[PDB]
Amino acid sequence: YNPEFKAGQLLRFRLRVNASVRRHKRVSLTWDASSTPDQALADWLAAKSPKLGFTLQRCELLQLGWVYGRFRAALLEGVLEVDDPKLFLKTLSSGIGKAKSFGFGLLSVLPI
RNA sequence: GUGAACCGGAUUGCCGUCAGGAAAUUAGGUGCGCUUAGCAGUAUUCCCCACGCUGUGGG
């Protein structure tokens, strides 16, 4: 597999995220009663997307659940736009979160 | 080293010719497995390390 992508190229991506935050232990992401889980997850992913190297355009939640062995798993799909071709390759094949040993960090990018 | 010491029951042999267990039998009559439940709209994720007073890294 040799992924080559140019700057400013639209792609179709599927990614299962690990909503993990640290407080005063590691706890799952929690939203407010006036907001939907999809909005909170989209905002949380867009917060880290600058450092990752891609720009979110649209994203909807598909499967919000847990993975035992206890971890929190959320499956988000949509349309993303690559910012630069340098940081995107580093982000790929490395992970976008924690618990990478249980198959939580993985991207599948498709040309559109 | 004792009424003891020295000391072989040994050689020779086919149980062989013959035989239908056979004619006759239904195991049949009786039965609800039935009352019950989001793999998901959350308020601590089991343990370890570094960096701050939440963001990265491993299982």
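In the text below, chain A, chain B and the rest are named by the order of the sequence lines, each starting its count at 1. The basis for the numbers below is simple: all heavy atoms, side chains too, and nothing from hydrogens, waters or symmetry mates.
A distance of about 24 Å separates the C1' atoms of B:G9 and B:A5, rounded to the whole Å. Taking atom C1' on both B:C51 and B:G55, the two are 9 Å apart, rounded to the nearest angstrom. Here, B:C32 and B:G28 have their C1' atoms 25 Å apart, quoted to the whole Å. With both ends at atom P, the span from B:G38 to B:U42 equals 14 Å, rounded to whole Å. A distance of about 12 Å separates the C1' atoms of B:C49 and B:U56, rounded to the whole Å. For the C1' atom pair drawn from B:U45 and B:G59, the interatomic distance equals 13 Å after rounding to whole Å. Between B:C15 and B:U11, the distance separating the two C1' atoms is 25 Å to the nearest Å.
RNA chain B is contacted by both A:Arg23 and A:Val67; A:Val67 maps to the nucleotide lying nearer its 5′ end (nearest heavy atom per residue). Taking for each of A:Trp66 and A:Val27 the nucleotide of RNA chain B with the nearest heavy atom, the 5'-most of the two is the partner of A:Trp66.
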> Stepwise, does the side-chain hydrogen bond (donor to acceptor under 3.5 Å, both in side chains) test hold for A:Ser28 with A:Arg70?
Replying inline: CA-CA 10 Å; A:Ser28 40; A:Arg70 319 186 219 282; over 6 Å; no

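Distance alone, capped at 3.5 Å, places no donor-acceptor pair between the A:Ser49 side chain and the A:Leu52 backbone. Remark: side-chain polar atoms of A:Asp83 are paired, donor with acceptor, to backbone N or O of A:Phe54 under 3.5 angstrom.
Counting non-hydrogen atoms under 4.0 angstrom, A:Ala99 reaches nothing in the nucleic acid.
A:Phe71 and A:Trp44 end up in different hydrophobic clusters when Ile, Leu, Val, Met, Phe, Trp and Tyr side chains are linked at under 4.5 Å. With hydrophobic clusters built from ILVMFWY side chains whose heavy atoms lie under 4.5 angstrom apart, A:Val17 does not share a cluster with A:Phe104. Follow the hydrophobic side-chain contacts under 4.5 Å out from A:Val27 and you never reach A:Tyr68; the two are in separate clusters.
With sequence neighbours left out, A:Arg26 forms a salt bridge (charged side-chain N to carboxylate O under 4.0 Å, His left out) with no residue at all.
For B:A10, there is no paired nucleotide, since no Watson-Crick or G-U wobble pair has both relevant distances below 3.5 Å. Across all strands shown, B:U17 forms no Watson-Crick or G-U wobble pair with both distances under 3.5 Å.
The footprint of chain A on RNA chain B, defined by a heavy-atom cutoff below 4.0 Å, extends from B:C39 to B:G59.
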